[PDB]
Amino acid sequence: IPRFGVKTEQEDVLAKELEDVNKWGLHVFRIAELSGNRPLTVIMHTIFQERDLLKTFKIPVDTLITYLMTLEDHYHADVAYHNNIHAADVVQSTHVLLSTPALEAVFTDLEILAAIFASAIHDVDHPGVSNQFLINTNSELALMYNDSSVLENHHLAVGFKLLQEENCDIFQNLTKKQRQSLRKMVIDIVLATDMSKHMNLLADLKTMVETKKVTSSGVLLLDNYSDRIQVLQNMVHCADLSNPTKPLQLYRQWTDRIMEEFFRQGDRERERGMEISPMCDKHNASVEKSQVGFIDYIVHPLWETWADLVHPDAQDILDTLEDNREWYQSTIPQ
């Protein structure tokens, strides 16, 4: 029954931080500390209230919080990058992207709910290792998902499964039609987060930009499920790949975390007598170069395309990415 979803006497400082919920560059780490490591629960609660999703979908308030806490409890606290903080961050970034001027009134509430819920569960119960590692070891997960998008299929199943715990079904008052539509979009979005799908996603996105249509209002025209879900997929995907576009201070912390996680896998791999995966070798690591390359061949190409689709709404995000790209470049030891 508390103000932001959880109990905390630093509630005033947290309240002040959550004022930036609609802003790119939210101090998600401070919010994580101030909420007692409940960034996903408080940030989702704030966004649901802000968007009036509880009333619109008849979600009892206690059910929402029980589910959110349950969901957050299933992200691993010992995983440096793919944890609840990353989940909270993607949820909040997706929230900002959905509010872009070029997309106003374009998506329905159910579609908005789907993008946000998808963002919240997109990495749930991530072991801290890649699909390839899960595949090489013949893990039960790899076997159940026939080696195809193992982690991603797993994130979805868990997200939906938790809905079944006590007082966790936040979709209990949606009609069958709403639940099927929602479920489909969510699945379509989370499966798209698998990096092995990046190129085809980006390709289709560019195509859409090439044939970009806008209504009498200055907003994007999306006439069919295919184009709609495609935008939602690239949106969430952009949010999942938005670290380099945040204020350097936040970006650098994500870099330290993604590397700390990659090195754990690297170590675990050499212990098991496996070939150390790329960028997972703390002994042969070029953190800076790696980040620059990540931007040059992945992040910038994606955000440059998204920027065109919603031009000029994302111009500042793109400028920050470039400023950050140059910082790391200047950090590469020679």
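Each form is matched to the other, and the largest set of C-alpha atoms that superpose within 1.5 Å is called the rigid core. In case it trips you up, residue 1 is the first one in the sequence shown, and so on.
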**Study point:** Greater root mean square CA deviation, 213-221 compared with 183-191 in 6 other deposited structures of this protein, core aligned
**Key:** 213-221
**Study point:** Entry-level comparison of average CA B-factors, 267-275 and 51-59, reporting the higher stretch
**Key:** 267-275
Study note, to complete from the structure: Going by the entry, of stretches 111-119 and 136-144 the one with greater average Cα B-factor is 136-144
Revision key, fill the gap. From the entry's CA B-factor values, the highest among 214, 186, 71, 229 is 214
Check your understanding: Lowest, middle or highest third: where is residue 165 by Cα B-factor in its chain?
Key -> lowest
Point to revise | Chain-relative CA temperature factor third for residue 38 | key: lowest
Practice item. Can you work out whether the C-alpha temperature factor of residue 31 puts it in the lowest, middle or highest third of the chain? Key: middle
Practice item. Can you work out whether the C-alpha temperature factor of residue 106 puts it in the lowest, middle or highest third of the chain? Key: middle
Practice item. Classify residue 66 as lowest, middle or highest third according to the C-alpha B-factor given in the PDB entry, relative to its own chain. Key: lowest
